[PDB]
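**Q** Shown below is the structure under consideration.
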Amino acid sequence: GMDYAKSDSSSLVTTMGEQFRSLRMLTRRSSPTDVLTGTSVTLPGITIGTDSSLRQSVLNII
Amino acid sequence: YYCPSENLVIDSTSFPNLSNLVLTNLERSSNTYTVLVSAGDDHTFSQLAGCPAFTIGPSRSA
Amino acid sequence: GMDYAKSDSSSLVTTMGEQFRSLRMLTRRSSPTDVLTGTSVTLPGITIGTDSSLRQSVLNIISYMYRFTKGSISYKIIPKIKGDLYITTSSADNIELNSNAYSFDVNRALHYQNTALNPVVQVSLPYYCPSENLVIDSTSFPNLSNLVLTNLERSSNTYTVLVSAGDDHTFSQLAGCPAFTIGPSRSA
Amino acid sequence: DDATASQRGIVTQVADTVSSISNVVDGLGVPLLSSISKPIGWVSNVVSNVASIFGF
Amino acid sequence: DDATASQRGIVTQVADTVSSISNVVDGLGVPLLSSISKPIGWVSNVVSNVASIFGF
Amino acid sequence: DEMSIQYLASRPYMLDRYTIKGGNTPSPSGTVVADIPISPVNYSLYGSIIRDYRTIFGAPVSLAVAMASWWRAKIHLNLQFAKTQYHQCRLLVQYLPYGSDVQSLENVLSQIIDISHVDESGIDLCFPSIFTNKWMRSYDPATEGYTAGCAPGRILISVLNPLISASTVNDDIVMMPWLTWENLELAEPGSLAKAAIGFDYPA
Amino acid sequence: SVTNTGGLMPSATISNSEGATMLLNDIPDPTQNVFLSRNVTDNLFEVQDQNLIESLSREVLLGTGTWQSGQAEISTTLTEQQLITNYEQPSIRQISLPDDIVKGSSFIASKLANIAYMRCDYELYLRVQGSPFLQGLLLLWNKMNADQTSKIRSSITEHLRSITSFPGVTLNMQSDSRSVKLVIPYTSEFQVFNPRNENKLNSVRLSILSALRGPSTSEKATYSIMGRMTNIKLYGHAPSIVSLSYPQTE
Amino acid sequence: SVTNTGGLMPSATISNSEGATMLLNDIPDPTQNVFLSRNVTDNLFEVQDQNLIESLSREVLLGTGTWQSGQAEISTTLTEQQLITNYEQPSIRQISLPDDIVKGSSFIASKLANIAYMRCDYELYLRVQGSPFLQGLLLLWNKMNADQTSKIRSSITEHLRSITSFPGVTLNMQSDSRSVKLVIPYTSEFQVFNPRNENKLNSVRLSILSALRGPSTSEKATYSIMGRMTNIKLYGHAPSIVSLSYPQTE
Amino acid sequence: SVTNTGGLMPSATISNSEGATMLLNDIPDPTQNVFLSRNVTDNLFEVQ
C-alpha cells in the first residue's frame, strides 16, 4: 500500500453532544415543504417526489 | 402503505389508483396550511443511483 | 501558628432551610436579561457575555471571574402578544438575500409553539464547537450557530428573556475580580 | 442516570454519588472533578452499535 | 417491542439489539440488514388466531 | 445497509483526466501536472457557477458532506493510466499542509511512483490529515484554492523525470486518479445545499 | 533466472522506503564490485550526546535590566477616566509567549525547521541582585490569553488585589537565594500552533509591589530573566512558511 | 527553620542543572500560589514521530539531467601532451562530498546548527529512464580523496582499465529496474569535520562507458541522482562559524 | 503479481465453458464495483 496513515487517537464525548452513522436518522426528522392555499389542497402521495422550484424537504433532497 | 408490490420506483405511475390524502373543513371554506413531512419508522430507500447536480451557497448578486 | 482558633460548634438544620457549597448551583438558576423589541431579535450566543449597561444576568455576572466556558445554555422566553411562533438556528454564512427566501429554508432544528396554550417558551441550545474550550467572547469562530425566532407574517413584538447555564455547562481558569458596585445609587 | 431520574419522577434524588474530598482546611474540602463525573449513556450505544442508531 | 417501549414511557431506550458489523475499513463498518430487523408483533396473533382478531 | 455513511464512502470515483506530454520537447522537470485540494466539495475542481448559484457536480459522498456543516476524513487514492509499456517516466506526490509549490524531497512527505511498474488497476496510496483541530468546516466562498479551515491541505503531483516515448507510440499519456474517503465522519445537519431543478423560490 | 526485458513486465507489487520519509515504487539493485568499511577509530575524549527533544529544552536568555527607586509602583485602585479607557497597570517588563523564545532564538528558530505544529510548557527564572542593605519586593505573574477576548475584560481586572490573585510568584530581597521559578501550562483553543507566525498568547509580566529603598537616594539593582520549554510535542511535516487564518484563502 | 539573612552564609555545596546544558550554582525556589495543568486533550490523527538521527538520514536530491548521443565517450588510452598536463577524463557530472548535501541542503544546513563536528557514510541512487529500443551503458564511480595528494598521482590513473577497477557500479539499460545503489564509507585523515566549511573530499563521478544509440540520430534519455547519509555521529557544541587551518592564527 | 503486458505472453492452457455449449479460450475477469441481488420475493400461488 505504501501508506503513511496511522489511525486516529481522539475521544468522542469531548466536543459535540452526539454522533450519527446513518442517513435514516436524518430522514426521520421532519421538515417544511410548501404552503398550500385554497380549497383543493394536494399533499404528495407515498410515491412522493418530483417537486419543482428550489425550496424542498430534506426527505425530498435525500 | 397499501401497495400490491413489495417495491416502488420513485414517482411510479404504474399504479394510478394509489391512495391519496384529502382534508376538509366542513362548509368548504378557504384556508392555508403549513405542512411538514417525514419518513415513517417503517420506511426505507434502496438502489444507490449517483448524485444530482446541486447548488450550495447563497445566491450571488441580486 | 499561634492560633486562638478553636473550631465551631453549631447545628445546620436549626436556622435556614438549605446550604450550598458551590457556585454552579447559583448559575443553574435562571435570571432576566433585557427586553428585546422589534423584528430583528438578537439573543446572545453560547460565547455569551460582554453586555453594556448595568442590568445583567447572574450568569453574566459570574462570567467575569473566569476565562473559559464549555457546554449548552438554556433560554426561557415570554412573548408579549400571544400567538404561535417558531424557533430556529442560523449562521452568518447560512443567510441568504434572494428576497423570497426565508429562515425556514435552511433545514436546521426547528421548534414550534402556540403561546396561547403554553406562554413560556423553553429552548436549550447545544454545543457545536470544533474546540474543547472557548475563551469567553471568542471571535476566532465567526460561524458559530446563533438563535433566531420568528412569528409568521413577520410582525413586531417584545419578549421577556431569561437565560441559564445548561446542565452540561462549566467555567474554568480563575481570573481575579472586576470592580463592581454594591449599594443603591446615591442621590438622584 | 437521566432515564431513571425521569422515570422515577421525583425532583430531589438526581442520581447519587459520593465524591472524594481533598484539601480539607477546617472540615471543608474540594471535590475532585474526576469523581464528580456522571454517566452520559448514549456513548455505549454508539460504540456497541445498537440498531436504533441506524433507525431500525 | 413498541408495546414495552410505550409502556416504559422513556424516549431513549427504543428497544435494544446488537447488529453484526462487517466490511470494516478503519474501525467502522456496515451492519447487516438481517440483524437490524425488529419484531412486528401483530403477525403472531394473526397466525395463532387470537380471539381479538374476530372482535370477541 | 445501503444508507450507512461508510457504505457511501467506500465507492471509488474518477475525478478528472490529466494529460502528460509528450515526446519531442517533453515538459521540464518540476512541471506540475496536478493540484488537488483535500475536500469533497471544493468549488475549484468540482462544479461551476450558473445562475449566480455555484452548482457542484459530484459523487454522493460529496452531497452527504454538503448537507452537514462539520466533517473529518482521510484520503485513499488510486492512481491509474492510459499508457503502453513503451512510455516511461517518474512522478512525485507531496502532501502539503498550508503550502504551495513543489517542496523538494526533504521538506515534506513524498512518494515517487515509477510508471513502468504500475500494472493495471493502478496503485493505491493513502494520506493522513494534519490539522489544528478535530473538525473541518464544509462550505467555502473561495473560487480557487481552499480558504483556510475548510480543508486539511493539498496534494500535489508533478514530474520528476520527464516522459520519453518511442516513435511507434503516441506522444503523451493520461493520468486518472480514482479515490475514496477513509474514516469519514459528519456533524451538525443543516445547509443551503439542494438539488439543481429550478433555480428560484416560488414568490 | 530470467532475462530482464528492458521495462516489459516488471514486478508490480514492490514497495519500500528509502529515507525516514518517501516511499519508493521499486528496489535499487545492490550490485557493485566492492564493499568498504568505516576506516577511522574514534580516538577521542567523550562528550554528552545530542538529541532533538533534548535540544529543544535548552535554557534561553529572555531579558536583562536595571531596576531603581524612581520607577512607579502599581496602583491600589482605579478612577474613571482610566477605567473607561482600558488602562493597563505599569510594569518593568512584559514578555509575549512563546514568540520571545521561538522567533526570538535563532538556534531554536533553526531547530524547528520544516515541522508543521507543536505543543509547549514553559518555565521561567527570575534572578535579582543587590546589596544586603536594600529593601524591595517584586512580583512575577501570568496574564492569561487576554488578547483573544474583549477589550473590556482585560481592563477591569487590572488592580492590586486582582493582580495578587493571578498565578505568579513574589520576590523579597530578604531571601538569600534571590531567585524564583515559575511554571506555565499550555493553554489555548487550538490544540497546536506553527511556531513561525504570530501565535501570541499569555503575556508574562513583572511588576513592582514595593518601591526599592536604600540609605541614599537613587539606589539600583540588577535582574535577569531566563526560560525554557518542557513537555514539548512536535507534529507534522511542512514547508517552513507563515500560515493563514480562516477568512483568508490560499 | 532559620531566618534567611539577605546573602550572608548561603549554602556552598549546591549544584544542579537547568537545561541539558548549563550547570547552575544555586536552586530556584519552587514557591507560587497555584500549579496548573496541560488543558487540551489531543483529539487528532496520528503522525510518525520526529527524531534528530532520523531527520539527518532523509533522502536528498543531488542532480538531474538529459543524456544524449553527441557526448564524448571516455578514452582507452593517453597521449603525451595530455599525460604531462594532468588531463582529466570527461564526465556527464561530478559531485563533491559531503558538501553537495550539507552546504547544499538548506534543511540539513539548518539541522546541524551549533554542533562542532561529525561523521557520515553516504548512499547514492542513480535512476535513468529511456525507451526499450535504446542502447547504452553508464558507470558511476568513486574517485578517492584525490585532492589531498600530489597533482601527478591524480593524473596517471585516469584511463579506462583503471576507471573500471575503482569502486563503482555499471548501469546497462537492458535492466528493467533501471536504478542502482552505491555505498560510500567514510574515509579521511581527520576523524571528524565541521560541516559548514570546505571539507571537500571523495569526488563521485558519472561517466559514459558506451555511447547512447537509437534507430534515429540524436536520441536522448533522462536521469536523476539522489543521496542520503547513514551511520552519522555528531560530536561537540560550538557557535556556527567557519573554522580555520593550522598556519592561520585565531 | 506481475504487470500484464498488453497481449504479450498470455497463459496458453486456459479452457472454460460459458453457455451449455461454446467452449472459450480465456477467462473473463470478474471485476466490478458491486454485486447486487435478486430483489423480489415470489409472493404467488404455486403452479406445476
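Here's how to read the names in the C-alpha cells: chain A, B, ... by the order shown, residue numbers from 1 in each chain, ligand numbers from 1 in the order shown.
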What residues in chain F lie within 9 Å of chain A, counting only C-alpha atoms, written as JSON, numbers by chain?
**A** {"F": [3, 4, 5, 6, 64, 74, 109, 111, 123, 124, 125, 126, 127, 128, 129, 134, 185, 186, 187, 188, 189, 194, 195, 196, 197, 198, 199, 200, 201, 202]}
**Q** Fewer than 6 positions away in the same chain doesn't count, so skip those; otherwise give me all residues within 12 Å of segment 150-157 of chain H, counting only C-alpha atoms, as a ChimeraX atom specification.
**A** /H:76-80,82-89,143-144,163-166,203
**Q** Keeping only C-alpha atoms, write the selected residues to a file as a CSV table (one decimal), in the first residue's frame.
**A**
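File out.csv, as written:
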chain,number,residue,atom,x,y,z
H,76,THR,CA,41.0,3.8,-23.7
H,77,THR,CA,44.4,5.5,-23.6
H,78,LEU,CA,46.5,8.6,-23.2
H,79,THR,CA,49.0,10.5,-25.3
H,80,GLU,CA,51.8,12.8,-24.2
H,82,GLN,CA,47.7,15.3,-22.1
H,83,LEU,CA,49.8,13.0,-20.0
H,84,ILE,CA,52.2,15.7,-18.9
H,85,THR,CA,49.4,18.2,-18.2
H,86,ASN,CA,47.4,16.2,-15.7
H,87,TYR,CA,44.4,15.6,-18.0
H,88,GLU,CA,41.1,14.5,-16.6
H,89,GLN,CA,38.7,12.1,-18.3
H,143,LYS,CA,37.3,8.9,-7.1
H,144,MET,CA,39.0,8.8,-3.7
H,163,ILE,CA,38.5,3.5,-14.2
H,164,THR,CA,36.8,0.2,-14.2
H,165,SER,CA,38.8,-1.1,-11.2
H,166,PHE,CA,37.7,1.7,-8.8
H,203,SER,CA,34.5,13.2,-5.6
**Q** Can you give me chain D superposed onto chain E, least-squares on all Cα in order, written as a short mmCIF file (atom, residue, chain, number, x, y, z; two decimals) with C-alpha atoms, in the first residue's frame?
**A**
data_model
loop_
_atom_site.label_atom_id
_atom_site.label_comp_id
_atom_site.auth_asym_id
_atom_site.auth_seq_id
_atom_site.Cartn_x
_atom_site.Cartn_y
_atom_site.Cartn_z
CA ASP D 1 -41.21 -4.06 21.27
CA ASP D 2 -43.33 -0.95 20.75
CA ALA D 3 -45.69 -2.02 23.49
CA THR D 4 -42.95 -2.10 26.09
CA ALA D 5 -41.38 0.97 24.55
CA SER D 6 -44.56 2.92 25.11
CA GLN D 7 -45.33 1.37 28.49
CA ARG D 8 -41.92 2.14 29.97
CA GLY D 9 -42.51 5.71 28.82
CA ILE D 10 -38.96 6.96 28.24
CA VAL D 11 -37.87 8.28 24.85
CA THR D 12 -34.30 6.98 24.76
CA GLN D 13 -34.17 3.20 25.07
CA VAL D 14 -36.14 2.38 21.86
CA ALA D 15 -35.65 -1.42 22.12
CA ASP D 16 -32.01 -2.56 22.14
CA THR D 17 -30.31 -5.03 19.77
CA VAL D 18 -26.72 -5.59 18.73
CA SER D 19 -26.01 -5.65 15.00
CA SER D 20 -23.40 -7.82 13.27
CA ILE D 21 -20.97 -5.36 11.70
CA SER D 22 -18.97 -6.33 8.61
CA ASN D 23 -16.74 -4.80 5.93
CA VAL D 24 -14.78 -2.84 8.50
CA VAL D 25 -12.45 -0.36 6.82
CA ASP D 26 -10.89 1.67 9.62
CA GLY D 27 -12.77 0.76 12.78
CA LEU D 28 -16.08 1.46 11.07
CA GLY D 29 -18.34 -1.00 9.29
CA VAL D 30 -21.68 -1.77 7.70
CA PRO D 31 -24.45 -3.53 9.66
CA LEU D 32 -26.35 -6.41 8.06
CA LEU D 33 -29.98 -5.72 7.28
CA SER D 34 -30.74 -9.21 8.51
CA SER D 35 -29.90 -8.31 12.09
CA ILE D 36 -31.31 -4.78 12.15
CA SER D 37 -34.70 -6.43 11.81
CA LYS D 38 -37.13 -5.77 14.63
CA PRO D 39 -40.26 -7.64 15.77
CA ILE D 40 -43.58 -6.66 14.24
CA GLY D 41 -45.78 -8.34 16.80
CA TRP D 42 -49.22 -8.50 15.24
CA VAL D 43 -48.19 -11.34 12.98
CA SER D 44 -48.00 -13.82 15.83
CA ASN D 45 -51.61 -13.05 16.59
CA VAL D 46 -52.85 -13.47 13.03
CA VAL D 47 -51.04 -16.77 12.64
CA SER D 48 -52.05 -18.11 16.05
CA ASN D 49 -55.64 -16.90 15.63
CA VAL D 50 -56.16 -14.92 18.81
CA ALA D 51 -59.77 -14.10 19.67
CA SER D 52 -59.27 -10.36 19.36
CA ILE D 53 -58.94 -10.76 15.61
CA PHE D 54 -62.59 -11.72 15.43
CA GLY D 55 -63.60 -8.86 17.72
CA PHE D 56 -64.53 -11.14 20.61
#
**Q** When you look at residue 36 of chain A with a cut-off of 8 Å (counting only C-alpha atoms), what residues show up, excluding the ones that are within fewer than 4 positions of it in the same chain? I need them as a ChimeraX atom specification.
**A** /A:41-42 /B:32-35
**Q** Can you pull out the residues contacting residue 25 of chain G? Cut-off 6 Å, using only C-alpha atoms, and skip same-chain residues under 3 positions away; I want them as a ChimeraX atom specification.
**A** /F:113-114 /G:15
**Q** Tell me which protein, DNA and RNA residues are within 10 Å of segment 139-141 of chain F, counting only C-alpha atoms, leaving out same-chain ones fewer than 2 positions away, and put them as a ChimeraX atom specification.
**A** /B:56-58 /C:93-94 /F:41-43,54,65-70,136-137,143-144,146-151,191-193 /G:246-247,249
**Q** Report as a Markdown table: every residue of chain C with an atom at most 8 Å from chain F, its closest pair of atoms, and their distance in Å to one decimal, counting only C-alpha atoms, with rows sorted by chain and ascending residue number.
**A**
| residue | atom | partner | partner_atom | distance |
| --- | --- | --- | --- | --- |
| C:94 | CA | F:192 | CA | 6.9 |
| C:100 | CA | F:203 | CA | 5.8 |
| C:101 | CA | F:201 | CA | 6.5 |
| C:105 | CA | F:192 | CA | 7.6 |
| C:106 | CA | F:191 | CA | 5.5 |
| C:107 | CA | F:190 | CA | 4.9 |
| C:108 | CA | F:190 | CA | 4.7 |
| C:109 | CA | F:190 | CA | 7.8 |
| C:128 | CA | F:188 | CA | 7.4 |
| C:130 | CA | F:135 | CA | 5.3 |
| C:131 | CA | F:133 | CA | 6.7 |
**Q** For those residues, write N, CA and C atoms to a file as a PDB file, in the first residue's frame.
**A**
ATOM      1  N   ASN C  94     -24.909  31.179   6.537  1.00  0.00           N
ATOM      2  CA  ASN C  94     -26.110  30.420   6.248  1.00  0.00           C
ATOM      3  C   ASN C  94     -27.220  31.302   5.694  1.00  0.00           C
ATOM      4  N   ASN C 100     -36.874  36.172  -1.403  1.00  0.00           N
ATOM      5  CA  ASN C 100     -38.042  35.299  -1.441  1.00  0.00           C
ATOM      6  C   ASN C 100     -37.767  34.123  -0.535  1.00  0.00           C
ATOM      7  N   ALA C 101     -36.497  33.976  -0.189  1.00  0.00           N
ATOM      8  CA  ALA C 101     -36.067  33.007   0.798  1.00  0.00           C
ATOM      9  C   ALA C 101     -36.443  33.479   2.186  1.00  0.00           C
ATOM     10  N   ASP C 105     -35.929  28.059   5.252  1.00  0.00           N
ATOM     11  CA  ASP C 105     -35.370  27.411   4.068  1.00  0.00           C
ATOM     12  C   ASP C 105     -34.108  26.596   4.310  1.00  0.00           C
ATOM     13  N   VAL C 106     -33.279  27.001   5.260  1.00  0.00           N
ATOM     14  CA  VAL C 106     -32.251  26.094   5.745  1.00  0.00           C
ATOM     15  C   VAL C 106     -32.946  25.044   6.590  1.00  0.00           C
ATOM     16  N   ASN C 107     -32.477  23.807   6.535  1.00  0.00           N
ATOM     17  CA  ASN C 107     -33.162  22.748   7.254  1.00  0.00           C
ATOM     18  C   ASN C 107     -32.525  22.457   8.602  1.00  0.00           C
ATOM     19  N   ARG C 108     -32.484  23.468   9.457  1.00  0.00           N
ATOM     20  CA  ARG C 108     -31.965  23.307  10.806  1.00  0.00           C
ATOM     21  C   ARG C 108     -33.025  22.782  11.753  1.00  0.00           C
ATOM     22  N   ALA C 109     -32.603  22.445  12.965  1.00  0.00           N
ATOM     23  CA  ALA C 109     -33.518  22.022  14.009  1.00  0.00           C
ATOM     24  C   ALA C 109     -34.524  23.123  14.278  1.00  0.00           C
ATOM     25  N   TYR C 128     -22.066  23.003  19.656  1.00  0.00           N
ATOM     26  CA  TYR C 128     -21.335  22.616  18.468  1.00  0.00           C
ATOM     27  C   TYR C 128     -20.120  23.500  18.278  1.00  0.00           C
ATOM     28  N   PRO C 130     -15.758  23.089  17.279  1.00  0.00           N
ATOM     29  CA  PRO C 130     -14.569  22.297  16.989  1.00  0.00           C
ATOM     30  C   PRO C 130     -13.639  22.125  18.183  1.00  0.00           C
ATOM     31  N   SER C 131     -13.568  23.131  19.043  1.00  0.00           N
ATOM     32  CA  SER C 131     -12.593  23.130  20.126  1.00  0.00           C
ATOM     33  C   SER C 131     -13.181  22.746  21.465  1.00  0.00           C
TER      34      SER C 131
END
**Q** Pull the strand (DSSP E) assignments for chain D out of DSSP run on the backbone, and list those residues as a ChimeraX atom specification.
**A** /D:21-22,30-31
**Q** Since we have the selection now, will you write its residues out, keeping C-alpha atoms, as a short mmCIF file (atom, residue, chain, number, x, y, z; two decimals), in the first residue's frame?
**A**
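The resulting file, selection-v1.cif, is reproduced below:
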data_model
loop_
_atom_site.label_atom_id
_atom_site.label_comp_id
_atom_site.auth_asym_id
_atom_site.auth_seq_id
_atom_site.Cartn_x
_atom_site.Cartn_y
_atom_site.Cartn_z
CA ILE D 21 -12.94 15.30 49.07
CA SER D 22 -9.39 16.64 49.44
CA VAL D 30 -12.62 20.46 47.46
CA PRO D 31 -14.10 17.57 45.45
#
**Q** Would you please give, as a list in words, all residues of segment 13-178 of chain F that DSSP assigns to alpha helix (DSSP H) based on the backbone?
**A**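 Residues of segment 13-178 of chain F classed as alpha helix (DSSP H): residues 60, 61, 62, 63, 64, 65, 66 and 67 of chain F.
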**Q** So what do you get for atom CA of residue 133 of chain G versus atom CA of residue 216 of chain G, distance-wise?
**A**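 About the pair atom CA of residue 133 of chain G and atom CA of residue 216 of chain G: they are 10.5 Å apart.
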**Q** List every residue of chain B that has an atom at most 6 Å from any atom of chain F, and for each one report the closest atom pair and its distance in Å to one decimal, counting only C-alpha atoms, with rows sorted by chain and then by increasing residue number, as CSV.
**A**
residue,atom,partner,partner_atom,distance
B:50,CA,F:60,CA,5.9
B:51,CA,F:60,CA,5.1
B:53,CA,F:57,CA,4.7
B:54,CA,F:195,CA,4.3
B:55,CA,F:55,CA,4.2
B:56,CA,F:193,CA,4.2
B:59,CA,F:53,CA,5.1
B:60,CA,F:52,CA,4.7
**Q** Now that the selection is made, can you save its residues with C-alpha atoms as an mmCIF file, in the first residue's frame?
**A**
data_model
loop_
_atom_site.group_PDB
_atom_site.id
_atom_site.type_symbol
_atom_site.label_atom_id
_atom_site.label_comp_id
_atom_site.auth_asym_id
_atom_site.auth_seq_id
_atom_site.Cartn_x
_atom_site.Cartn_y
_atom_site.Cartn_z
ATOM 1 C CA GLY B 50 -25.345 8.604 -8.213
ATOM 2 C CA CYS B 51 -25.898 12.243 -7.290
ATOM 3 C CA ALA B 53 -26.096 18.380 -9.632
ATOM 4 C CA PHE B 54 -26.828 20.668 -6.691
ATOM 5 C CA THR B 55 -26.330 24.259 -5.596
ATOM 6 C CA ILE B 56 -24.542 25.032 -2.343
ATOM 7 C CA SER B 59 -27.294 33.227 -4.427
ATOM 8 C CA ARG B 60 -24.702 35.678 -5.690
#
